[PDB]
Amino acid sequence: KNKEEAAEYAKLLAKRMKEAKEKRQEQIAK
Amino acid sequence: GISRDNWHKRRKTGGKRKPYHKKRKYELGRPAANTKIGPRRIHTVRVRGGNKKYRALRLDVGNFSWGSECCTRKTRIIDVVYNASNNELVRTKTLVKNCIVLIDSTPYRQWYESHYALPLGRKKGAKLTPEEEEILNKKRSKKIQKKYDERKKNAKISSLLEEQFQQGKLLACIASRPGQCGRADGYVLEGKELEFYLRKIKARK
Amino acid sequence: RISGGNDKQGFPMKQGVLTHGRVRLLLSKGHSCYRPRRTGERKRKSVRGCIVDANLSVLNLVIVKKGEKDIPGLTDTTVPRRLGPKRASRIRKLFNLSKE
Amino acid sequence: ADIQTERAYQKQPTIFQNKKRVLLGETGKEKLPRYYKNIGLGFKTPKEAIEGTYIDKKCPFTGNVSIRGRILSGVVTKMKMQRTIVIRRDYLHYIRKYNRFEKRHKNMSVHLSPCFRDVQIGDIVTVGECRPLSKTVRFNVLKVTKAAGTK
Amino acid sequence: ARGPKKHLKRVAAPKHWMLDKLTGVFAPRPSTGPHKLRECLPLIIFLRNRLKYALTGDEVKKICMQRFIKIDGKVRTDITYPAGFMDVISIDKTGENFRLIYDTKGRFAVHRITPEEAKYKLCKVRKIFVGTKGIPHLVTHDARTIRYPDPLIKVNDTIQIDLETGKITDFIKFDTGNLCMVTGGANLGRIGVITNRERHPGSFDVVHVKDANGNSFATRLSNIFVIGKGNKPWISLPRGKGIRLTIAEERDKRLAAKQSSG
RNA sequence: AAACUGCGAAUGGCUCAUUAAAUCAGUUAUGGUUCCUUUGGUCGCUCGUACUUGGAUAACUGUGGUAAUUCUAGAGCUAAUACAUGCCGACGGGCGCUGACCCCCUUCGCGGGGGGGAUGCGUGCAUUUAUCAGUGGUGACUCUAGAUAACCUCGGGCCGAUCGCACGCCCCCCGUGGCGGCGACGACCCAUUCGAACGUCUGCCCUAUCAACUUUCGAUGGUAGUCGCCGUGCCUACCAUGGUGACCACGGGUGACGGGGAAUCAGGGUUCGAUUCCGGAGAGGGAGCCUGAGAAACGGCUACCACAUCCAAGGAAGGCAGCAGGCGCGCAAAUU
RNA sequence: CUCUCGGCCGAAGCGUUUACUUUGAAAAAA
Ligand SMILES: [Mg+2]
Ligand SMILES: [Mg+2]
Ligand SMILES: [Mg+2]
Ligand SMILES: [Mg+2]
Ligand SMILES: [Mg+2]
Ligand SMILES: [Mg+2]
Ligand SMILES: [Mg+2]
Ligand SMILES: [Mg+2]
Ligand SMILES: [Mg+2]
Ligand SMILES: [Mg+2]
Ligand SMILES: [Mg+2]
Ligand SMILES: [Mg+2]
Ligand SMILES: [Mg+2]
Ligand SMILES: [Mg+2]
Ligand SMILES: [Mg+2]
Ligand SMILES: [Mg+2]
Ligand SMILES: [Mg+2]
Ligand SMILES: [Mg+2]
Ligand SMILES: [Mg+2]
Ligand SMILES: [Mg+2]
Ligand SMILES: [Mg+2]
Ligand SMILES: [Mg+2]
Ligand SMILES: [Mg+2]
Ligand SMILES: [Mg+2]
Ligand SMILES: [Mg+2]
Ligand SMILES: [Mg+2]
Ligand SMILES: [Mg+2]
Ligand SMILES: [Mg+2]
Ligand SMILES: [Mg+2]
Ligand SMILES: [Mg+2]
Ligand SMILES: [Mg+2]
Ligand SMILES: [Mg+2]
Ligand SMILES: [Mg+2]
Ligand SMILES: [Mg+2]
Ligand SMILES: [Mg+2]
Ligand SMILES: [Mg+2]
């Protein structure tokens, strides 16, 4: 359970950080 | 027994107040733990909530930290020299928080000689033992000698600490409360604070 | 061997007290001559000293070494049966059993 | 020197002033970094607190206290204790039977930080609530405004 | 007193239990649990006073000891168990499901739901904190602690929990324009749309809500529970849609119902 | 059955003696503490006989003492989720420092670099101290989380030697056979629930034939400590001379427990509230404690003061302001 | 009410501050 939850949250956190950085990049570029 | 309540005190105006209830369990107090210097002796106290308080009655060692070098080591406690709150504590050699004590310097000297590979605390007579000679004059390769020579750039200590190392004893200040946690922990005095406490000790004599 | 006894008022003898007469002690759990009724209860009880004197109603004795003959009431009787060990390790120790 | 007036050494607990450095950086200036914090609620930190050298553990800006509770106001009446003053709060109490009011007052002992200087008797002070600092002190001075007669 | 109190006087019980005065001296003191004593509904009160299944307290115990009642999918045998807001009660013997939702009068209502809906619940995020090894933790209004939540979820938001696994499926953010219900105060049981939020540093925040009919009111921030996004709730609503009627129009509705009866 | 173990007995019930910014009521705070239990989260995260370890004690069987008690003494047996002691496994490694040696570039060469590395020490969560950098949150942390050097109490933190019900799948196999489902109990630490405890602002009846009070023995504030579950003259040492008061301080009285409320009342108001709900206090008067998460507990203990029971005079045992009931008191109040 | 910065509104300063009045919230049951 610990391993599975850690892996799933790692994937979710990567997705969230990528989304936030992409939106910030779009705001800066415009 | 010993009560530390607030309703036995006079009012702000100065008039006295009549109590409306007797002494309660949660307002109790306990006799002081006069911690001396000697072989370790600690008694546990059952406190409110079922927890424990370690009531140290005798202590002789503790871990102190050299902050500038960030070197924490376990060293024995030798004597008590100064106490800001009361000088009677110095006479009876009582270990309390913020008291100034003397500790041994050997582990700090060992770490310093193993790190910078320079003499420290040695007499000018240059007498040596082969173990210390191979600790200081060991055969190292080019890469390791390069790191040691670079470390030798920052190897410098104030005259006060060097004199204390020559004496074999350092001045330290205790930061933990021995009567509450059962251990005497602190830090080595250095800098302006060391000068202040040296002046206080000299003026006391 | 001197186990214990009772003086002429019926009070028992305690090992610790070293006197010829009675004393009053505050007894708690783990003490002989007392049995608490509540958790943490203590009570003041009168206890006779350990020193043997002439003012004793009864004195207790335990035979440790046997003599030439055997008392007709004490020794010649056959030993009675008793409960056997209940823990497995004590069974093995009594009967010298191996693990197999 | 001037700061060190007690038998014990007066230090700011959260600042480490024994950090070793090269001999070139020692010659420049022996300027200890000051510890201060923003207390919130729109109150600004006085410049004397940031640039000062005083030591006060009960100061709302450079000490170990927390401001939470009620924010009150008063007029300075007495300045004779060490780092603490006495202010007076005036109000009117309503009597239902006569449909009128009566004048009443209260006295408060509050802690005054060394950052606030040039405080005279008769000027307005805004204080905030904190944990009990002594037997009778529960408030700390947050702002000082001068009297109407200031020139 | 010298310690915790174990009794509850009947007249000192919460008034939304609708207990009568002459039945007895005591009232069932709720056990410690997910919900507060003043904001819960004991199992016995719901089981004998609301549903009329049992007549005495003994029959409630006889029902409970047969392991028939489930709260949030778990069997509870305690007859004073504190059941609170947005909880699911299942009786498989009769095949019934209920959800505890306040009515417009500020009382818990007997609200039957589809067994498909009984698989999830809504929770309000109460606390967000990072624990050992840098693991985020989320604490809800019903004492549930969930590890590794979505990084976008903050306090005062709503999360949907699947009762079987106890894991977040999705969430609703606390923003103006969403649907909310009041869980305490004078406006308890009312449903509306958030209009604006007033921030008072060092004090309580005030939030304004407007219902479907256009009536406006305000509450504290702690008394608001976000139900759905926009105008669409994520749960089924009771008979009243959350609109509080005045006494005059309640009388008018009652008279109209009486006239049409017969 | 009995006895050991566990839990409760700190709730409830009674009374209003004390108590005049005290209690209490409304309003805030704990970013200054503790918290049985319920609910949820963690519980191979530590690299260092286990196919189950040890000694006793009751109940029981026998022998007894005292005028007397819910007094107990000796002897013979036997258990644990009582009392103790202690492994394996995961365990392959990973990461921080020490680092003999081995290579790869530039250099004529020194020298300037980039890697690999055997051998040693440390390692997880809690505890104490020092230092460094700045995931998530607050109006505000000396917050949470991270890193580094150590420490870690023998009156000793955790890391399961416990119980029940259904019992099945797998192997070169018939074994040391391997695996597996629901629960019960226990436990270090977070969160929650029930609280408790200290604080903020405002508010109380008569009395000046009570006008100055407090500070030797803490009264007001500062510094460092002790004690305490925490904040604080709570206490200690060294210091400053402070603090309150006609807006009534201080003292005295109250046939004064405080409110939600009650009687009378055009509108104002006057009087009452021991009494079933919410807080407080007490168990003949004081004081000191054990156990426990929680008591300065009294249908717990230990003393003194006042009463008072049995006695074989050596001793033993007491607390109805709990329900009935009895004496006394009174104008004044019910069934052992 | 006021410039600025962000999406007419949003943030921030408001008000020299109160007293008063009118709202709103929190306010045990009996
Ligand atoms: Mg009293
Ligand atoms: Mg009038
Ligand atoms: Mg009671
Ligand atoms: Mg209950
Ligand atoms: Mg028992
Ligand atoms: Mg108990
Ligand atoms: Mg009764
Ligand atoms: Mg109050
Ligand atoms: Mg605290
Ligand atoms: Mg708990
Ligand atoms: Mg025996
Ligand atoms: Mg045990
Ligand atoms: Mg930290
Ligand atoms: Mg202090
Ligand atoms: Mg002080
Ligand atoms: Mg009265
Ligand atoms: Mg009275
Ligand atoms: Mg009238
Ligand atoms: Mg009239
Ligand atoms: Mg009343
Ligand atoms: Mg009353
Ligand atoms: Mg009376
Ligand atoms: Mg009491
Ligand atoms: Mg009584
Ligand atoms: Mg009496
Ligand atoms: Mg008594
Ligand atoms: Mg207990
Ligand atoms: Mg008592
Ligand atoms: Mg009684
Ligand atoms: Mg009682
Ligand atoms: Mg009676
Ligand atoms: Mg009786
Ligand atoms: Mg009558
Ligand atoms: Mg009569
Ligand atoms: Mg009310
Ligand atoms: Mg009411």
Side-chain angles (χ1 to χ4, degrees), chain B residues 1 4-6 10 12-15 17-18 20-26 29-30 32 42-44 47-50 54 63 65 67 70-74 84-86 96-98 175-176 179 181-183 185-187, chain C residues 3-4 6 9-10 12 26 33 38-44 57-58 60 62 82-83 85-86 89, chain D residues 6-8 14 16 37-41 64 66-70 80-84 103-105 129 131-132 134-135 138, chain E residues 2-7 9 11-12 15 31-34 36-37 128-132 134 136 139 143-145 147 185 201-202 206 218 220:
Chain B
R4 53 193 311 274
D5 49 68
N6 299 328
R10 282 186 170 271
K12 181 184 177 183
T13 64
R17 55 169 68 94
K18 298 177 182 177
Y20 81 102
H21 71 79
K22 62 193 299 181
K23 292 186 179 182
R24 290 295 153 91
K25 167 73 175 185
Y26 57 87
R30 298 192 184 94
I42 304 175
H43 292 178
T44 52
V47 305
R48 184 179 190 84
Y54 306 90
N63 60 324
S65 184
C70 194
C71 174
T72 310
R73 289 297 180 275
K74 177 185 174 182
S85 297
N86 185 13
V96 296
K97 179 178 171 57
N98 202 20
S176 63
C181 63
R183 56 183 77 176
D185 302 357
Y187 55 87
Chain C
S3 288
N6 298 91
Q9 274 65 50
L26 186 62
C33 310
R38 299 174 58 107
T39 56
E41 191 191 51
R42 306 183 295 181
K43 187 171 296 299
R44 189 85 59 171
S57 60
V58 63
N60 305 340
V62 172
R82 58 193 68 175
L83 299 180
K86 185 172 163 58
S89 73
Chain D
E6 293 285 348
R7 300 181 60 179
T14 170
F16 178 54
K37 64 172 179 295
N38 176 35
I39 71 176
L41 296 176
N64 179 73
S66 181
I67 296 301
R68 74 288 180 279
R70 304 179 182 268
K80 291 183 175 301
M81 297 174 296
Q82 297 186 350
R83 284 169 168 172
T84 158
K103 174 69 168 54
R104 294 193 180 185
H105 86 286
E129 193 193 316
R131 58 176 172 84
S134 65
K135 181 184 177 188
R138 283 88 171 92
Chain E
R2 286 174 285 164
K5 305 172 71 65
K6 305 181 181 177
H7 296 67
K9 292 298 168 58
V11 75
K15 200 199 172 184
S31 303
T32 53
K36 283 184 173 299
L37 189 148
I128 294 290
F129 65 95
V130 178
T132 312
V139 174
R144 291 176 176 265
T145 60
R147 302 199 311 171
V206 178
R220 287 185 179 180

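So that the names make sense, note that chain A is the first sequence line, chain B the second, and so on, each numbered from 1.
Stacking between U162(F) and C163(F) holds, as the six-membered ring centres sit under 5.5 Å apart and the ring planes differ by under 30°. Both conditions hold for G326(F) and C327(F), whose six-membered rings have centres under 5.5 angstrom apart and planes under 30 degrees, so their bases stack. Using a cut-off of 5.5 Å between ring centres and 30° between planes, the six-membered base rings of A191(F) and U192(F) qualify as stacked. Adjacent in the strand, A324(F) and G325(F) form a stacked pair, their six-membered rings being closer than 5.5 Å at the centres and less than 30 degrees apart in orientation.
Here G300(F) presents its P atom at 17 Å from CZ of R42(C), a figure rounded to the nearest Å. In this structure, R183(B) places its CZ atom 12 Å from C1' of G156(F), rounding to the nearest Å. When the P atom of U232(F) is taken as reference, atom CZ of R138(D) falls 11 Å away, rounded to whole Å. Atom NZ in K15(E) sits roughly 16 Å away from atom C1' in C277(F) (whole-Å rounding).
Contact annotation: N6(B) reaches the phosphate of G199(F) (side-chain N/O to OP1 or OP2, under 4.0 Å). The shortest distance between the side-chain N/O atoms of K9(E) and the OP1/OP2 oxygens of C277(F) is below 4.0 Å. Proximity of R147(E) to the phosphate of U42(F): a side-chain N or O atom is located under 4.0 Å from OP1 or OP2. Phosphate proximity of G228(F) to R30(B): present, with a side-chain N or O under 4.0 Å from OP1 or OP2. Between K135(D) and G233(F) there is no side-chain polar atom (N or O) within less than 4.0 angstrom of OP1 or OP2. Between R68(D) and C141(F), a side-chain N or O to OP1/OP2 separation shorter than 4.0 Å is absent. At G54(F), one or more side-chain N or O atoms of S89(C) fall inside 4.0 Å of OP1 or OP2 (strictly under the cut-off). Within the 4.0 Å cut-off from OP1 or OP2 of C71(F), not a single side-chain nitrogen or oxygen of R44(C) is found. At the phosphate of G221(F), OP1 or OP2 sits under 4.0 Å from a side-chain N or O atom of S134(D). The phosphate of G195(F) (OP1 or OP2) has no side-chain N or O of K5(E) nearer than 4.0 angstrom. OP1 or OP2 of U19(F) lies within a sub-4.0 Å distance of a side-chain N or O belonging to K18(B). For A295(F), one of the phosphate oxygens OP1 or OP2 lies less than 4.0 angstrom from a side-chain nitrogen or oxygen of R48(B). Neither OP1 nor OP2 of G221(F) sits under 4.0 Å from any side-chain N or O of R83(D). Look at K6(E) and you'll find a side-chain N or O under 4.0 angstrom from OP1 or OP2 of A9(F).
Distance check on atom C1': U39(F) versus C47(F) gives 37 Å, rounded to whole Å. Nucleotides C35(F) and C190(F), compared at atom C1', are 14 Å apart to the nearest Å.
Centre separation under 5.5 Å together with a plane angle under 30° does not hold for the ring of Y20(B) and the six-membered base ring of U19(F), so they are not marked as stacked.
Pairing check for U52(F) against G26(F): the two fail the Watson-Crick or G-U wobble geometry, since the two atom distances are not both under 3.5 Å. If you check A237(F) against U223(F), you find a Watson-Crick or G-U wobble pair, both contacts below 3.5 Å. By the Watson-Crick or G-U wobble test, with both distances required under 3.5 Å, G233(F) and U244(F) do not count as a base pair. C290(F) and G267(F) make neither a Watson-Crick nor a G-U wobble pair with both donor-acceptor distances under 3.5 Å. Under the 3.5 Å cutoff applied to both distances, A249(F) and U176(F) fail to qualify as a Watson-Crick or G-U wobble pair. Taken together, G273(F) and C185(F) fail the test for a Watson-Crick or G-U wobble pair, since the two needed distances are not both under 3.5 Å. With the cut-off at 3.5 Å for both distances, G183(F) forms a Watson-Crick or G-U wobble pair with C163(F). Between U46(F) and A21(F) there is no Watson-Crick or G-U wobble pairing whose two distances both come in under 3.5 Å. Pairing status of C182(F) against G225(F): not a Watson-Crick or G-U wobble pair with both distances under 3.5 Å. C158(F) and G124(F) are base-paired, meeting the Watson-Crick or G-U wobble geometry with both donor-acceptor distances under 3.5 Å.
Glycosidic conformation of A184(F): anti, with the torsion beyond 90° of 0. A glycosidic torsion no more than 90° from 0 defines the syn conformation, and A246(F) adopts it. Base orientation at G314(F) is syn, since its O4'-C1' glycosidic dihedral falls within 90° of 0. In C201(F) the base sits anti relative to the sugar, since the glycosidic angle is further than 90° from 0.
Using the sign of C1'-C2'-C3'-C4' as the criterion, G7(G) is classed as a north pucker. Pucker check on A50(F): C1'-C2'-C3'-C4' negative, sugar south. A positive value of the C1'-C2'-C3'-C4' dihedral assigns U200(F) to the north, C3'-endo side. With respect to the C1'-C2'-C3'-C4' torsion, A237(F) shows a north sugar, the value lying on the positive side. Judged by the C1'-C2'-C3'-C4' torsion, the sugar of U209(F) sits on the south side, since the angle is negative.
Distance alone, capped at 3.5 Å, places no donor-acceptor pair between the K74(B) side chain and the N63(B) backbone. Although no hydrogens or angles enter the test, the distance criterion places a donor-acceptor pair under 3.5 Å between the side chain of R138(D) and the main chain of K135(D). Remark: the backbone N or O of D185(B) is paired with a side-chain donor or acceptor of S176(B) at under 3.5 angstrom. No donor-acceptor pair closer than 3.5 Å links the side chain of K43(C) to the backbone N or O of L26(C). At least one donor-acceptor pair closer than 3.5 Å links the side chain of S57(C) to the backbone N or O of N6(C).
Under a cut-off of 6.0 angstrom, the local environment of NZ in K86(C) is sparse, with at most 12 non-hydrogen atoms contributed by other residues, nucleotides or ligands. Counting non-hydrogen atoms of neighbouring residues, nucleotides and ligands closer than 6.0 angstrom, the NZ atom of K80(D) reaches no more than 12 such neighbours.
Under the Watson-Crick or G-U wobble criterion, with both distances below 3.5 Å, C121(F) is paired with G96(F). Across all strands shown, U18(G) forms no Watson-Crick or G-U wobble pair with both key distances under 3.5 Å. Base pairing of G10(G) is made with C5(G), judged by Watson-Crick or G-U wobble geometry with both donor-acceptor distances under 3.5 Å. Pair check for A312(F) finds none; no Watson-Crick or G-U wobble contact set falls under 3.5 Å. Both distances falling under 3.5 Å, in either a Watson-Crick or a G-U wobble arrangement, occur for no nucleotide opposite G155(F). Figure legend. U220(F) is base-paired to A240(F); pairs are counted as Watson-Crick or G-U wobble with both atom distances under 3.5 Å.
Residue-level contact check: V11(E) touches the bases, meaning some heavy atom is under 4.0 Å from a base atom. Residue contacts for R38(C): at a heavy-atom cut-off of 4.0 Å it reaches a base atom on one of the strands shown. Using a 4.0 Å heavy-atom distance criterion, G3(E) is classed as a sugar-phosphate-only contact.
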